[PDB]
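A.B. asks: pasting an experimental structure, sequence included:
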Amino acid sequence: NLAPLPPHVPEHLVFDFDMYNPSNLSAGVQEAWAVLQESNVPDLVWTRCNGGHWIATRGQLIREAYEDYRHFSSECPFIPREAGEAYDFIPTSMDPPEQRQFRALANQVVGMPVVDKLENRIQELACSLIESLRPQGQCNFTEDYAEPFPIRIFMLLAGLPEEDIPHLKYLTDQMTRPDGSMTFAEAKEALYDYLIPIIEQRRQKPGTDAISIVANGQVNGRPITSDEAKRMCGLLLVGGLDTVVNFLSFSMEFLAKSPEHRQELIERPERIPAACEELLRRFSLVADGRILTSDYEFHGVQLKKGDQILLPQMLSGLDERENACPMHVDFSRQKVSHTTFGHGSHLXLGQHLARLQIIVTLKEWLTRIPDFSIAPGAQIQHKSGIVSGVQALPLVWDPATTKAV
Ligand code: HEM
Ligand SMILES: CC1(C)[C@@H]2CC[C@@]1(C)C(=O)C2
Ligand SMILES: [K+]
């Protein structure tokens, strides 16, 4: 239900949006969030859902808030409040100045140089998975590709058993789209329960995996503590297991449904990177936020100290004030404007990994399985949260239309 309105919040700003179960979910998750950008809805509304919080509805406000960490702190970045208070991943839960020393370490485990070195494993895995599926004439896209392809790479990188995937993924999802059986805090603590012994053990006898590197790293010239290492490793796991995994299904769903757009990429493969980018805008999927460090007036609205404000990364590129005809996918879009990977000082650090992962998928999939569709009569269900996703994507094709090598 709906938390009672705080004395400081005027009635005309109330729009009761639930980010975990939005009213128009059936029409598509990006579409359900876009109801916040209809003509009679303010730039800045208060929802009585999920304990009560603000939502900036437009790119300009979202951008401004992300830049202004002095008023909009990451210390409590998740809705509901219990989740933001329990949230303590590094660097995400820290503001500058302290946040920054940690980014460099994180970079050492997921940035460009790590990515260049993983690139042949990544390509190899995409081809392997796709060739395996090709002759079946069908798949459950989420289980058979969108999960194993990003996730086996991350486990490879982190030096963790593939048999640990289901427990890890379960826990991760409880932190972005809870089924209601675990609080944020309960899942985080269970994530820590798993990491703690491994981090110590990798501090005792370091390897060349990501956990060893974080575990034995330095932070602006001094050693990382055990507790900090854990709070960093947890964030990497979440990003490894619940970002690209969901993005791929939005993109594949779209491609299953538009043969023209497939044909465009088959016919002009040089368009793939630009296509990646337009799809990143279109099927944007993250929505975290910040907390007010003081009473502050912002675009003519009075915010109180401790108020939570959701600043949906998803919404900036769907905003018609940033991109005309924003629901329309155009790979030749002259100026693709979005905040898919964030804005300000917390700007995504796995974005090179993610764009490689996307681009490789587009290429290797259309190469082998050019014609394909949604299974007969399947109604694709989406799910909303910190990171939205797709419940299931059953796909079909005629193997005769496909090409191996
Ligand atoms: C489609 C893919 C992805 C999207 C849309 C995405 C989105 C984002 C967003 C919106 C933020 C900012 C959070 C905030 O400002 O509070 C962020 C930060 C971050 N992301 Fe990504 N992400 C993606 C893939 C990945 C991957 C694969 C990783 C690998 C681990 C990753 C690692 C991180 C890390 C470590 C941060 C924290 C940086 C900081 O707080 O300074 N992301 N990401
Ligand atoms: C919003 C995010 C996608 C960003 C990386 C993982 C995530 C869930 C975070 O906790 C920070
Ligand atoms: K916190």
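C.D. replies: Everything's here; your move. Numbers count the residues shown, from 1 in each chain. Ligands and ions are numbered 1, 2, ... in the order given.

A.B. asks: tell me the secondary structure for whichever residue of the stretch 151-300 of the chain sits closest to ligand 3?
C.D. replies: Going by Cβ to the ion, ligand 3 is nearest to residue 291 of the stretch 151-300 of the chain, at 8.8 Å. All C-beta spots, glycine's among them, are computed from the backbone N, C-alpha and C. Per DSSP: H, G, I helix; E, B strand; the rest coil, the local secondary structure of residue 291 is strand.

A.B. asks: could you pull up the residues touching it?
C.D. replies: Contact analysis of residue 291 by Cβ atoms under 8 Å, 6 or more residues apart in numbering lists 72-77, 84, 306-309.

A.B. asks: restrict those to the buried ones and give me that as a PyMOL selection.
C.D. replies: Typed into PyMOL, the line below selects the buried ones among the contacts of residue 291, using 16 or more other Cβ atoms under 10 Å:
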select buried, resi 72+73+74+76+77+84+307+308+309
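
A.B. asks: out of the contacts of residue 291, who's near ligand 3?
C.D. replies: residue 76 (Cβ under 5 Å from the ion).

A.B. asks: restricted to strands, list the contacts of residue 291.
C.D. replies: 72-73, 308-309 (DSSP state E).

A.B. asks: could you pull out the strands for the stretch 151-300 of the chain?
C.D. replies: 218-219, 222-223, 289-292, 296-298 (DSSP state E, counting those that start in this stretch).

A.B. asks: so which of those strands is the most surrounded?
C.D. replies: strand 289-292 (a mean of 23; mean count of other Cβ atoms under 10 Å).

A.B. asks: how about the CA coordinates for it, as CSV?
C.D. replies: Extracted in CSV, the C-alpha atoms of strand 289-292 (Å, rounded to 0.1, in the frame of the first residue of the first chain):
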residue,chain,number,x,y,z
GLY,A,289,18.9,7.0,-6.9
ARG,A,290,20.1,9.2,-4.0
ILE,A,291,19.3,10.7,-0.6
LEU,A,292,19.1,14.4,0.4
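
A.B. asks: contacts (any at all) between ligand 1 and that strand?
C.D. replies: No: Strand 289-292 lies out of reach of ligand 1 by Cβ under 6 Å from any ligand atom, never closer than 7.5 Å.

A.B. asks: surely residue 239 and residue 346 touch.
C.D. replies: No: if you go by Cβ atoms under 8 Å, residue 239 and residue 346 don't touch, sitting 12.0 Å apart.

A.B. asks: the strands in the stretch 301-405 of the chain, which residues?
C.D. replies: Counting by DSSP E, counting those that start in this stretch, the strands of the stretch 301-405 of the chain are 301-303, 308-310, 373-374, 382-383, 389-390, 394-396.

A.B. asks: nope, the stretch 1-150 of the chain is what I meant
C.D. replies: For the stretch 1-150 of the chain, the strands defined by DSSP E, counting those that start in this stretch occupy 44-47, 53-56, 72-73, 138-140.

A.B. asks: could you list the residues of the chain in contact with ligand 2?
C.D. replies: Looking at ligand 2, the residues of the chain close enough under Cβ under 6 Å from any ligand atom are 89, 92, 176, 235, 238-239, 243, 286, 288, 386-387.

A.B. asks: switch to 8 Å and redo it
C.D. replies: Contacts of the chain with ligand 2, taken as Cβ under 8 Å from any ligand atom, map to 77-78, 87, 89, 92, 175-176, 235, 238-239, 242-243, 286, 288, 313, 342, 346, 348, 350, 386-387.
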